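One structure is given here, and the rest of the page talks about it.
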Protein chains: 2
Amino acid sequence: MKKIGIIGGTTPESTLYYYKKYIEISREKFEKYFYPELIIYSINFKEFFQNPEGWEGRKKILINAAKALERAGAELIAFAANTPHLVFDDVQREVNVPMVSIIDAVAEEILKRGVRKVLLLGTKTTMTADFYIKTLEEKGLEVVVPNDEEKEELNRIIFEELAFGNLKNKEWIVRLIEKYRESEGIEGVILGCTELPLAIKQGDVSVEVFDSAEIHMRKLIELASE
Amino acid sequence: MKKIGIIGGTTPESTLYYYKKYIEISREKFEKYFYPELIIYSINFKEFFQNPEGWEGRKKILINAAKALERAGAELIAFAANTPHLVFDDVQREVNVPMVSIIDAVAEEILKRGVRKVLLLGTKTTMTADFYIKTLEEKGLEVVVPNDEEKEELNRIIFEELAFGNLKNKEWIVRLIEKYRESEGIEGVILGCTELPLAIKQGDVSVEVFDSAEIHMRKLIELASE
């Protein structure tokens with residue numbers, strides 16, 4: 001089996017979630033005790049988020065971790081985060097091992113479940129990530145996003161509540177998704193952050209739920225099992 | 001600073017705890033967003049746990065995972081589990097980088113807080129690990145373990161209630177501890193597993209609470225930050 005390499009640290013919370021999904025998915029797909037080899041490089045988020053050289057410095061760090069993972073034996077690499085995907089192409093040009101894009105992984109799942117129009121939810125940042133929305137639509141989907149007012153509220157909730165395990169405003173998130181289902185007739189929603197999955201699960205809305213990080217880890221494990 | 005290497009997969013559950021503490025501790029010791037570089041090699045537990053060559057085979061897997069981390073750039077390596085420490089010496093021999101034993105770490109923190117006599121709780125295998133208890137006593141400590149009757153009960157609650165986040169029988173464990181405080185006069189308790197600390201904290205008992213996994217990670221991070 002191809003060894004998986006994950007570049008994390010781009011918020012340890014996010015990497016922590018990937019590992020959890022990695023455990024779940026494995027118990028579900030293989031025999032007992034079986035977990036496909038996985039390597040993780042958790043970078044210092046401070047030297048990444050607040051880099052004096054912007055993305056020019058971020059690409060250096062990502063490529064660095066990627067090469068480290070290769071040196072350790074990773075035959076399949078991936079970013080355990082969303083924004084890093086803003087420079088996926090640059091990093092892949094220097095990585096001598098195939099990389100799996102979260103965007104490709106999600107668009108594939110979405111299209112596979114038969115939906116073509118979805119509501120993209122996440123932090124204000126992930127709901128305004130032009131490259132994300134644009135790259136996703138070029139795959140053959142129509143992505144809708146809540147109004148600027150609902151983004152601030154949804155963002156507040158994720159930061160002040162979900163980040164602590166408090167589901168106090170769960171119902172509010174459910175009405176948000178049911179509104180666009182009846183409003184713009186979406187056929188599914190995308191959870192663009194690792195905090196949203198704790199509040200909205202498949203059997204909570206009338207549409208398909210796409211746990212972004214979960215789908216990503218499934219593709220990784222899928223290709224890794226080949 | 002000194003890149004941290006962790007040999008994991010020796011139960012992803014256990015590795016998840018280590019990485020969780022890593023995050024927790026980093027947030028306590030350093031500024032926001034700051035997290036010391038950490039590389040995690042998660043092995044296929046089935047090849048480890050059910051190795052046809054026994055420990056001879058496990059050592060090969062641990063040494064290989066260590067060499068992988070070394071190639072990735074790890075300068076400091078440690079096992080993200082207890083039992084693998086049964087072949088710690090054998091791994092260090094074949095590893096060209098200093099490793100940090102959980103025992104040393106727990107024993108140093110225990111001795112630093114003044115206690116000399118402690119209760120060693122945890123799974124049944126944890127309260128019976130002759131190697132663990134012995135190596136801990138040679139460090140200058142008095143280790144005491146509950147009776148078989150209390151072992152099965154506690155382990156049962158661990159593999160059942162606690163494991164599934166059910167802290168209903170927390171009071172039972174609390175009594176057991178303060179029981180030995182007056183019984184054989186202990187001054188602290190060690191939590192060998194990663195489940196127990198979920199039901200027992202500081203302001204809960206009269207003795208000192210030692211989170212075996214947490215203490216191990218603080219050591220790792222401290223030595224990597226020097």
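Within each chain, counting starts at residue 1; across the structure tokens, chains are named A, B, ... in the order shown, with ligands numbered 1 upward in that order.
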### Residue list for chain A near chain B as a ChimeraX atom specification, 6 Å, only C-alpha atoms
/A:33-46,68,71-72
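Excluding residue 116 of chain A itself and same-chain residues fewer than 6 positions from it, the residues having an atom within 8 Å of it are residues 110, 140, 141, 142 and 187 of chain A, counting only C-alpha atoms.
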### Sel. of alpha helix (DSSP H) residues, chain A, as a PyMOL selection string
chain A and resi 12-29+46-49+54-72+88-94+102-112+130-137+148-160+170-183+212-225
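Taking atom CA of residue 209 of chain B and atom CA of residue 189 of chain B as the two end points, the separation is 5.5 Å.
Between atom CA of residue 51 of chain A and atom CA of residue 88 of chain A the separation is 17.7 Å.
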### Task
Write out as a count of residues only which residues come within 9 Å of segment 173-179 of chain A when counting only C-alpha atoms, dropping same-chain ones fewer than 4 positions away.
18
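All C-alpha atoms of chain B, paired in order with those of chain A and fitted by least squares, deviate by an RMSD of 0.4 Å.
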### Message
Applying 12 Å and only C-alpha atoms, which residues near residue 136 of chain A remain after dropping the ones on its own chain fewer than 2 positions away? List them as a PyMOL selection string.
### Response
chain A and resi 85+101-111+116-120+129-134+138-144+190
Please provide as a tab-separated table (two decimals) with C-alpha atoms, in the first residue's frame all residues within 10 Å of residue 163 of chain B, with the sequence filter that same-chain residues fewer than 3 positions apart are discarded (counting only C-alpha atoms).
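File written: around.tsv
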```tsv
chain	number	residue	atom	x	y	z
B	156	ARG	CA	-14.12	-2.45	32.98
B	157	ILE	CA	-15.19	1.17	33.54
B	158	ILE	CA	-12.32	2.26	31.29
B	159	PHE	CA	-12.99	-0.11	28.40
B	160	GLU	CA	-16.72	0.60	28.76
B	166	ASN	CA	-19.49	8.11	29.87
B	167	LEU	CA	-18.23	9.57	33.14
B	194	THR	CA	-5.25	7.94	27.98
B	195	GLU	CA	-8.85	7.33	29.04
B	196	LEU	CA	-8.53	7.65	32.83
B	198	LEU	CA	-10.87	12.04	31.22
```
### Message
Measuring between only C-alpha atoms, which one of B:14, B:220, B:192, B:208 shows the shortest distance to residue 114 of chain B?
### Response
B:208
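Taking atom CA of residue 191 of chain A and atom CA of residue 63 of chain A as endpoints, the distance between them is 26.8 Å.
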